[PDB]
Amino acid sequence: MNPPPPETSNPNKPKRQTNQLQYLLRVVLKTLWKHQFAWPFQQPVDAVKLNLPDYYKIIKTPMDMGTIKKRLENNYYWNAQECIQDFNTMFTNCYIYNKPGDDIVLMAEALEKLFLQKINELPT
Ligand SMILES: CCn1c2c(c(=O)[nH]c1=O)[C@H](c1ccc(C)cc1)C1=C(CN(CC3CCN(Cc4ccc([N+](=O)[O-])cc4)CC3)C1=O)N2
Ligand code: NA
């Protein structure tokens, strides 16, 4: 079975709008979302439908760009650091669960290279 997916809204979580967060949504997420390698990462990992039965025995902090996209669009975050941490978690899960040189790890590295490309231009 799959665990419950990460929340994308919470009536008890304080939130802000900042230029850094606008940048993360409009530049970083939108650029990675359209990438030809984005598709494994655009929704929570369905370990049943994808035939990764051990996935959630290993990965205890799931994250994906579909969740991140909705958190940004819903204004879930307080600061840019929280959003970067979610991206970092997504990539980490891929590198931890899969083995070095796995095709999916090669995909994640290309997306991560682009992610860092855009973060290097994050505004003040
Ligand atoms: C980030 C999580 N994640 C992932 C995977 C993983 O390995 N590790 C992870 O962490 C898996 C993975 C993703 C990409 C690549 C290049 C290799 C493996 C993996 C995903 C998504 N998905 C969808 C399909 C599954 C069906 N198809 C074979 C296939 C084709 C056609 C037919 N038909 O025509 O009928 C039948 C069967 C291969 C891909 C995966 O396979 N996510
Ligand atoms: Na911020």
Side-chain angles (χ1 to χ4, degrees):
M1 300 150 42
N2 292 304
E7 59 177 25
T8 58
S9 64
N10 183 323
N12 291 310
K13 184 184 182 303
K15 63 171 81 76
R16 287 193 307 185
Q17 288 194 1
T18 73
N19 265 301
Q20 277 216 286
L21 279 164
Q22 281 283 37
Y23 186 86
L24 277 156
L25 173 56
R26 302 301 307 198
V27 175
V28 183
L29 183 287
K30 291 189 85 80
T31 294
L32 296 182
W33 189 263
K34 295 270 145 43
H35 195 274
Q36 67 165 328
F37 289 170
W39 62 270
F41 308 97
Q42 285 170 327
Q43 56 285 312
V45 173
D46 184 335
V48 167
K49 275 335 172 153
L50 294 180
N51 182 27
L52 315 161
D54 55 337
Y55 188 87
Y56 289 110
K57 304 166 200 343
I58 303 108
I59 300 309
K60 300 303 187 185
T61 81
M63 200 31 80
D64 64 282
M65 281 181 327
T67 298
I68 294 167
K69 174 178 181 302
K70 289 319 297 166
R71 286 179 176 196
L72 285 160
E73 293 172 342
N74 299 345
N75 217 326
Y76 174 85
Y77 292 119
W78 180 260
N79 64 26
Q81 292 54 47
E82 289 180 330
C83 176
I84 294 170
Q85 172 181 88
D86 284 346
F87 274 109
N88 281 344
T89 294
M90 190 174 72
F91 290 116
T92 289
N93 294 341
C94 185
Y95 300 142
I96 293 320
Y97 174 75
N98 302 284
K99 295 135 82 173
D102 260 350
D103 279 349
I104 188 69
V105 161
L106 305 182
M107 296 164 82
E109 301 190 338
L111 286 177
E112 191 181 19
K113 183 190 226 263
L114 186 56
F115 168 74
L116 295 169
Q117 276 186 225
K118 299 303 188 187
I119 296 295
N120 277 3
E121 284 148 344
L122 194 65
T124 55

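We number each residue from 1, following the sequence as shown.
- Within a 6.0 Å radius of NZ in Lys60, other residues, nucleotides and ligands contribute more than 12 heavy atoms.
- For the pair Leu111 and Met107, the minimum side-chain heavy-atom distance is 4.5 Å or more.
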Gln17/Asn75 under side chain to side chain contact (heavy atoms under 4.5 Å, CB included): CA gap, chis, key distance, verdict: CA-CA 7 Å; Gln17 288 194 1; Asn75 217 326; 2.9 Å; yes
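- In terms of heavy-atom proximity, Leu114 sits nearest to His35 at CD2-CD2, 3.7 Å.
- Using a distance-only test at 3.5 Å, with no hydrogens or angles considered, a donor-acceptor pair links the side chain of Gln20 to the main chain of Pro123.
- Closest of all the heavy-atom pairs between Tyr23 and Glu121 is OH-CB, 3.2 Å.
- One distance of note links NZ of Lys113 with CZ of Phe37; it measures 13.0 Å at 0.5 Å rounding.
- Closest heavy-atom contact between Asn74 and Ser9: ND2-CB, 4.4 Å.
- One distance of note links OG1 of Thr92 with CD of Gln85; it measures 10.0 Å at 0.5 Å rounding.
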Quick one: do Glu82 and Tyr76 satisfy side chain to side chain donor-acceptor pair (under 3.5 Å)? Show the steps, please. CA-CA 10 Å; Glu82 289 180 330; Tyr76 174 85; over 6 Å; no
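- With hydrogens and angles disregarded, a donor-acceptor distance shorter than 3.5 Å links the side chain of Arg71 to the backbone of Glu7.
- A 6.0 Å sphere centred on CD of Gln22 holds no more than 12 heavy atoms belonging to other residues, nucleotides or ligands.
- To the nearest 0.5 Å, the span separating OG1 on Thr18 from CG on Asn79 amounts to 7.5 Å.
- In plain terms, the two heavy atoms of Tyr56 and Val45 that are nearest each other are OH-O, 2.5 Å.
- Connection of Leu122 to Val27 is established within a shared hydrophobic cluster, with ILVMFWY side chains joined at heavy-atom distances below 4.5 Å, either directly or through further cluster members.
- Taking the side chain as every heavy atom from C-beta outward, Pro5 and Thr67 never approach each other to under 4.5 Å.
- More than 12 heavy-atom neighbours from other residues, nucleotides or ligands sit within 6.0 angstrom of NZ on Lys13.
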Side chain to side chain contact (heavy atoms under 4.5 Å, CB included) assessment of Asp46 paired with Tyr55: CA-CA 9 Å; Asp46 184 335; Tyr55 188 87; over 6 Å; no
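- In this structure, CE in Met90 is found 8.5 Å from OH in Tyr95, a value given to the nearest 0.5 Å.
- Between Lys99 and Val105 the shortest heavy-atom distance is O-CG2, 3.7 Å.
- Of all heavy-atom pairs spanning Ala108 and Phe91, the tightest one is O-CE2, 3.4 Å.
- No more than 12 heavy atoms of other residues, nucleotides or ligands sit less than 6.0 Å from atom NZ of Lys15.
- Clustering ILVMFWY residues whenever any of their side-chain heavy atoms sit less than 4.5 angstrom apart, transitively, puts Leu25 in the very cluster that holds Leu116.
- Atom CD of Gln81 sits about 8.5 Å away from atom CG of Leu24, to the nearest 0.5 Å.
- Contact check for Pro44 versus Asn2: no side-chain heavy atoms found under the 4.5 Å cut-off.
- No continuous path of hydrophobic side-chain contacts links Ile104 to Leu50 [ILVMFWY only; heavy atoms under 4.5 Å].
- Applying the 6.0 Å contact sphere to CZ of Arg16 captures more than 12 heavy atoms from other residues, nucleotides or ligands.
- To the nearest 0.5 Å, atoms CG (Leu21) and CD1 (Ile84) are separated by 8.5 Å.
- Side-chain atoms of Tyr97 and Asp54 form a donor-acceptor pair, as typed in the model, at a separation below 3.5 Å.
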Could you give me the CA-CA distance, side-chain angles and deciding distance for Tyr77 and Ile68, then say whether side chain to side chain contact (heavy atoms under 4.5 Å, CB included) is met? CA-CA 10 Å; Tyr77 292 119; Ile68 294 167; 3.9 Å; yes
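- Within the 4.5 Å cutoff, no side-chain heavy atoms of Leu32 are placed close to those of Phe41.
- A 6.0 Å sphere centred on CG of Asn19 holds no more than 12 heavy atoms belonging to other residues, nucleotides or ligands.
- At least one side-chain heavy atom of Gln42 sits less than 4.5 Å from a side-chain heavy atom of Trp39.
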